[PDB]
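For reference, work-v8.pdb (PDB, C-alpha atoms):
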ATOM      1  CA  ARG C 582       0.000   0.000   0.000  1.00  0.00           C
ATOM      2  CA  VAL C 583       3.075   2.200   0.319  1.00  0.00           C
ATOM      3  CA  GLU C 584       4.858   1.066  -2.833  1.00  0.00           C
ATOM      4  CA  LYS C 585       1.748   2.007  -4.814  1.00  0.00           C
ATOM      5  CA  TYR C 586       2.167   5.554  -3.503  1.00  0.00           C
ATOM      6  CA  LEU C 587       5.459   5.838  -5.371  1.00  0.00           C
ATOM      7  CA  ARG C 588       5.341   8.150  -8.360  1.00  0.00           C
ATOM      8  CA  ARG C 589       7.693  10.458 -10.244  1.00  0.00           C
ATOM      9  CA  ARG C 590       7.188  13.608 -12.286  1.00  0.00           C
ATOM     10  CA  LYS C 591       9.436  15.899 -14.286  1.00  0.00           C
ATOM     11  CA  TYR C 592       9.887  19.330 -12.736  1.00  0.00           C
ATOM     12  CA  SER C 593      11.293  22.469 -14.339  1.00  0.00           C
ATOM     13  CA  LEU C 594      13.633  24.933 -12.619  1.00  0.00           C
ATOM     14  CA  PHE C 595      15.082  28.107 -14.120  1.00  0.00           C
ATOM     15  CA  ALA C 596      17.475  30.606 -12.554  1.00  0.00           C
ATOM     16  CA  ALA C 597      19.184  33.675 -14.006  1.00  0.00           C
ATOM     17  CA  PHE C 598      22.066  35.595 -12.466  1.00  0.00           C
ATOM     18  CA  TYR C 599      21.956  39.313 -13.161  1.00  0.00           C
ATOM     19  CA  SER C 600      24.814  40.650 -11.040  1.00  0.00           C
ATOM     20  CA  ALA C 601      27.407  39.829  -8.381  1.00  0.00           C
ATOM     21  CA  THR C 602      29.222  42.384  -6.219  1.00  0.00           C
ATOM     22  CA  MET C 603      31.048  43.077  -2.945  1.00  0.00           C
ATOM     23  CA  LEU C 604      33.613  40.290  -3.269  1.00  0.00           C
ATOM     24  CA  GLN C 605      36.621  40.056  -0.947  1.00  0.00           C
ATOM     25  CA  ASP C 606      40.000  38.347  -1.010  1.00  0.00           C
ATOM     26  CA  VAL C 607      39.552  36.821  -4.457  1.00  0.00           C
ATOM     27  CA  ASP C 608      42.592  34.700  -5.322  1.00  0.00           C
ATOM     28  CA  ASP C 609      41.267  32.960  -8.421  1.00  0.00           C
ATOM     29  CA  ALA C 610      38.420  32.815 -10.923  1.00  0.00           C
ATOM     30  CA  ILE C 611      34.957  32.205  -9.511  1.00  0.00           C
ATOM     31  CA  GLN C 612      32.365  29.599 -10.477  1.00  0.00           C
ATOM     32  CA  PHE C 613      29.148  28.666  -8.728  1.00  0.00           C
ATOM     33  CA  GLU C 614      27.401  25.320  -8.548  1.00  0.00           C
ATOM     34  CA  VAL C 615      23.717  24.858  -7.851  1.00  0.00           C
ATOM     35  CA  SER C 616      21.871  21.574  -7.479  1.00  0.00           C
ATOM     36  CA  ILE C 617      18.494  20.213  -6.405  1.00  0.00           C
ATOM     37  CA  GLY C 618      18.744  17.379  -3.954  1.00  0.00           C
ATOM     38  CA  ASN C 619      21.095  14.869  -5.554  1.00  0.00           C
ATOM     39  CA  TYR C 620      20.530  16.204  -9.082  1.00  0.00           C
ATOM     40  CA  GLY C 621      22.859  18.596 -10.916  1.00  0.00           C
ATOM     41  CA  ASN C 622      25.939  17.828  -8.810  1.00  0.00           C
ATOM     42  CA  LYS C 623      28.889  17.978 -11.213  1.00  0.00           C
ATOM     43  CA  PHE C 624      30.899  15.474  -9.175  1.00  0.00           C
ATOM     44  CA  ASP C 625      28.131  12.841  -9.197  1.00  0.00           C
ATOM     45  CA  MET C 626      27.669  12.889 -12.973  1.00  0.00           C
ATOM     46  CA  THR C 627      29.450  12.187 -16.244  1.00  0.00           C
ATOM     47  CA  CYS C 628      26.893  13.762 -18.582  1.00  0.00           C
ATOM     48  CA  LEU C 629      23.826  15.956 -18.088  1.00  0.00           C
TER      49      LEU C 629
ATOM     50  CA  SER V 969       1.081  -7.622 -28.776  1.00  0.00           C
ATOM     51  CA  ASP V 970       2.902 -10.713 -27.526  1.00  0.00           C
ATOM     52  CA  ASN V 971       2.949  -9.337 -23.997  1.00  0.00           C
ATOM     53  CA  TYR V 972      -0.667 -10.185 -23.277  1.00  0.00           C
ATOM     54  CA  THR V 973      -1.081 -13.245 -21.082  1.00  0.00           C
ATOM     55  CA  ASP V 974      -3.478 -15.212 -18.916  1.00  0.00           C
ATOM     56  CA  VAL V 975      -2.916 -16.055 -15.246  1.00  0.00           C
ATOM     57  CA  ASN V 976      -0.691 -18.985 -16.220  1.00  0.00           C
ATOM     58  CA  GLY V 977       1.517 -16.783 -18.394  1.00  0.00           C
ATOM     59  CA  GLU V 978       0.024 -18.242 -21.565  1.00  0.00           C
ATOM     60  CA  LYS V 979      -0.307 -15.870 -24.496  1.00  0.00           C
ATOM     61  CA  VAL V 980      -3.678 -14.242 -25.104  1.00  0.00           C
ATOM     62  CA  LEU V 981      -4.903 -11.631 -27.573  1.00  0.00           C
ATOM     63  CA  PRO V 982      -4.500  -7.870 -26.911  1.00  0.00           C
ATOM     64  CA  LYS V 983      -7.269  -6.362 -24.809  1.00  0.00           C
ATOM     65  CA  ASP V 984      -8.623  -4.408 -27.775  1.00  0.00           C
ATOM     66  CA  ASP V 985      -9.134  -7.548 -29.885  1.00  0.00           C
ATOM     67  CA  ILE V 986     -11.743  -9.107 -27.579  1.00  0.00           C
ATOM     68  CA  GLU V 987     -15.324  -9.603 -28.817  1.00  0.00           C
ATOM     69  CA  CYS V 988     -18.501 -10.527 -26.915  1.00  0.00           C
ATOM     70  CA  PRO V 989     -19.832 -14.153 -27.172  1.00  0.00           C
ATOM     71  CA  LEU V 990     -23.260 -15.079 -28.549  1.00  0.00           C
ATOM     72  CA  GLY V 991     -26.182 -14.374 -26.221  1.00  0.00           C
ATOM     73  CA  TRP V 992     -24.104 -11.729 -24.479  1.00  0.00           C
ATOM     74  CA  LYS V 993     -23.666  -7.978 -24.781  1.00  0.00           C
ATOM     75  CA  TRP V 994     -20.807  -5.880 -23.459  1.00  0.00           C
ATOM     76  CA  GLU V 995     -21.480  -3.964 -20.268  1.00  0.00           C
ATOM     77  CA  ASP V 996     -18.136  -2.276 -20.804  1.00  0.00           C
ATOM     78  CA  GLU V 997     -17.021  -1.789 -24.400  1.00  0.00           C
ATOM     79  CA  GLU V 998     -13.583  -0.686 -23.229  1.00  0.00           C
ATOM     80  CA  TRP V 999     -11.278  -2.373 -20.731  1.00  0.00           C
ATOM     81  CA  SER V1000     -10.977  -0.757 -17.317  1.00  0.00           C
ATOM     82  CA  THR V1001      -7.626  -0.389 -15.612  1.00  0.00           C
ATOM     83  CA  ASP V1002      -7.521  -2.582 -12.535  1.00  0.00           C
ATOM     84  CA  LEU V1003      -6.557  -0.384  -9.605  1.00  0.00           C
ATOM     85  CA  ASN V1004      -7.731  -3.044  -7.167  1.00  0.00           C
ATOM     86  CA  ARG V1005      -4.335  -4.724  -7.385  1.00  0.00           C
ATOM     87  CA  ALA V1006      -0.933  -4.016  -5.878  1.00  0.00           C
ATOM     88  CA  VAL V1007      -0.163  -1.627  -8.724  1.00  0.00           C
ATOM     89  CA  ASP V1008       0.821   2.010  -9.198  1.00  0.00           C
ATOM     90  CA  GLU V1009      -1.627   4.782 -10.110  1.00  0.00           C
ATOM     91  CA  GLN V1010      -1.337   3.765 -13.767  1.00  0.00           C
ATOM     92  CA  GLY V1011      -2.326   0.187 -12.951  1.00  0.00           C
ATOM     93  CA  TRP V1012       1.225  -1.081 -13.460  1.00  0.00           C
ATOM     94  CA  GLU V1013       3.193  -3.566 -11.366  1.00  0.00           C
ATOM     95  CA  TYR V1014       6.919  -4.132 -11.779  1.00  0.00           C
ATOM     96  CA  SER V1015       9.265  -7.113 -11.647  1.00  0.00           C
ATOM     97  CA  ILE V1016      12.849  -8.350 -12.013  1.00  0.00           C
ATOM     98  CA  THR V1017      13.929  -9.830 -15.336  1.00  0.00           C
ATOM     99  CA  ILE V1018      11.939 -13.043 -15.576  1.00  0.00           C
ATOM    100  CA  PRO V1019      13.940 -15.900 -13.936  1.00  0.00           C
ATOM    101  CA  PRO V1020      15.006 -19.182 -15.675  1.00  0.00           C
ATOM    102  CA  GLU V1021      11.692 -20.787 -14.717  1.00  0.00           C
ATOM    103  CA  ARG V1022      10.067 -18.316 -17.133  1.00  0.00           C
ATOM    104  CA  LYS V1023       7.387 -17.969 -14.474  1.00  0.00           C
ATOM    105  CA  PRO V1024       8.033 -14.762 -12.465  1.00  0.00           C
ATOM    106  CA  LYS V1025       7.123 -15.012  -8.798  1.00  0.00           C
ATOM    107  CA  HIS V1026       7.225 -11.440  -7.540  1.00  0.00           C
ATOM    108  CA  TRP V1027       5.722  -8.138  -8.662  1.00  0.00           C
ATOM    109  CA  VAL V1028       5.545  -4.799  -6.850  1.00  0.00           C
ATOM    110  CA  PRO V1029       3.693  -1.457  -7.322  1.00  0.00           C
ATOM    111  CA  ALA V1030       7.085   0.248  -7.116  1.00  0.00           C
ATOM    112  CA  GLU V1031       9.194   1.246 -10.101  1.00  0.00           C
ATOM    113  CA  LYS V1032      12.882   0.416  -9.803  1.00  0.00           C
ATOM    114  CA  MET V1033      15.836   0.268 -12.180  1.00  0.00           C
ATOM    115  CA  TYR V1034      15.972  -3.383 -11.184  1.00  0.00           C
ATOM    116  CA  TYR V1035      12.649  -4.042 -12.878  1.00  0.00           C
ATOM    117  CA  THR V1036      12.627  -4.856 -16.584  1.00  0.00           C
ATOM    118  CA  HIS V1037       9.027  -6.059 -16.835  1.00  0.00           C
ATOM    119  CA  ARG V1038       5.795  -4.233 -16.088  1.00  0.00           C
ATOM    120  CA  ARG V1039       2.223  -5.568 -16.026  1.00  0.00           C
ATOM    121  CA  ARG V1040      -1.416  -4.445 -15.789  1.00  0.00           C
ATOM    122  CA  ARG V1041      -4.651  -6.283 -15.124  1.00  0.00           C
ATOM    123  CA  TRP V1042      -7.634  -5.174 -17.169  1.00  0.00           C
ATOM    124  CA  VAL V1043     -11.306  -5.583 -16.271  1.00  0.00           C
ATOM    125  CA  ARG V1044     -14.218  -5.845 -18.719  1.00  0.00           C
ATOM    126  CA  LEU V1045     -17.820  -6.876 -18.099  1.00  0.00           C
ATOM    127  CA  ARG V1046     -20.515  -8.547 -20.208  1.00  0.00           C
ATOM    128  CA  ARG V1047     -24.187  -9.433 -19.670  1.00  0.00           C
ATOM    129  CA  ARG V1048     -26.300 -12.283 -21.012  1.00  0.00           C
ATOM    130  CA  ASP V1049     -29.770 -12.015 -22.487  1.00  0.00           C
ATOM    131  CA  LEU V1050     -32.290 -12.642 -19.714  1.00  0.00           C
ATOM    132  CA  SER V1051     -33.971 -15.678 -21.251  1.00  0.00           C
ATOM    133  CA  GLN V1052     -32.360 -19.132 -21.336  1.00  0.00           C
ATOM    134  CA  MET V1053     -28.820 -20.456 -20.955  1.00  0.00           C
ATOM    135  CA  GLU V1054     -29.453 -23.301 -23.362  1.00  0.00           C
ATOM    136  CA  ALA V1055     -27.390 -21.292 -25.839  1.00  0.00           C
ATOM    137  CA  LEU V1056     -24.413 -21.352 -23.471  1.00  0.00           C
ATOM    138  CA  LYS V1057     -24.050 -25.116 -23.860  1.00  0.00           C
ATOM    139  CA  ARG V1058     -23.974 -24.918 -27.659  1.00  0.00           C
ATOM    140  CA  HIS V1059     -20.478 -23.427 -27.901  1.00  0.00           C
ATOM    141  CA  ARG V1060     -19.010 -25.319 -24.949  1.00  0.00           C
ATOM    142  CA  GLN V1061     -19.162 -28.839 -26.377  1.00  0.00           C
ATOM    143  CA  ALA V1062     -15.906 -28.342 -28.263  1.00  0.00           C
ATOM    144  CA  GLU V1063     -13.764 -28.375 -25.126  1.00  0.00           C
ATOM    145  CA  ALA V1064     -10.819 -29.595 -27.194  1.00  0.00           C
ATOM    146  CA  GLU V1065     -10.216 -30.512 -30.840  1.00  0.00           C
TER     147      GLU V1065
END

Just give me the structure of the file as structure tokens.
Amino acid sequence: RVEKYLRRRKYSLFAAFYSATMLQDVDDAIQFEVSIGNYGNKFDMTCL
Amino acid sequence: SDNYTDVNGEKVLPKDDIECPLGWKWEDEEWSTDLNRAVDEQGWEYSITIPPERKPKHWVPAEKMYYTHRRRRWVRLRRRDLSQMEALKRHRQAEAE
């Protein structure tokens, strides 16, 4: 009765980055990584 | 079309190729999804690649990457003319041939 409650749907997320300021002590180039749960993590994937 | 079976795993025709017997009318022209079973919301149950016996023993409502087969039970009803069942014994004499 619990297994039959299992379902999956495709969700859509969009994010845009307009600006970034007030940085301190920057030694190298900056990149950001954003993920949802266990999805979108660049170290847990080979191709997305 | 070869994935339609009876309870014993024997091949049967696709659900949409089923016609009503003489003396009977369909109560349901289309097959209903059986949600009365241990199946997901789509009526599907899942299982592991069918074992060497070719007679799979376990199915679950859950979908897993382990499961390579999926099954549904369909329900369809028919009703007989309210007269005599003498007609029902006319097409049941040929049990085997």

- prompt: What does the PyMOL selection byres ((chain C) within 7 of (chain V)) select in this file, as an MDAnalysis selection string?
  reply: chainID C and resid 584:587

Note to self: Ranking V:1017, V:1033, V:991, V:1022 by minimum distance to residue 976 in chain V and counting only C-alpha atoms, which one comes first?
What the structure shows: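 Of V:1017, V:1033, V:991, V:1022, the one nearest residue 976 in chain V, counting only C-alpha atoms, is V:1022.
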
Atom pair CA of residue 600 in chain C + CA of residue 621 in chain C, distance 22.1 Å

I want to know what sits within 6 Å of residue 1035 in chain V, based on all atoms listed in the file, with residues of the same chain fewer than 2 positions away left out; could you give that as JSON, numbers by chain?
{"V": [1014, 1015, 1016, 1032, 1033, 1037]}

Distance CA of residue 983 in chain V-CA of residue 996 in chain V, one decimal place?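 Taking CA of residue 983 in chain V as the start and CA of residue 996 in chain V as the end point, the length is 12.3 Å.
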
As a check of understanding: the span from CA of residue 590 in chain C to CA of residue 620 in chain C is 14.0 Å

### Task
Taking the point (-24.1, -8.7, -21.1) as given in the file, collect each protein or nucleic acid residue that comes within 7 Å of it, counting only C-alpha atoms, and present the set as an MDAnalysis selection string.
chainID V and resid 992:995 1046:1049

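Evaluated against this file, the PyMOL selection byres ((chain C and resi 615) around 12) yields residues 594, 595, 596, 597, 598, 612, 613, 614, 616, 617, 618, 619, 620, 621, 622, 623 and 624 of chain C.
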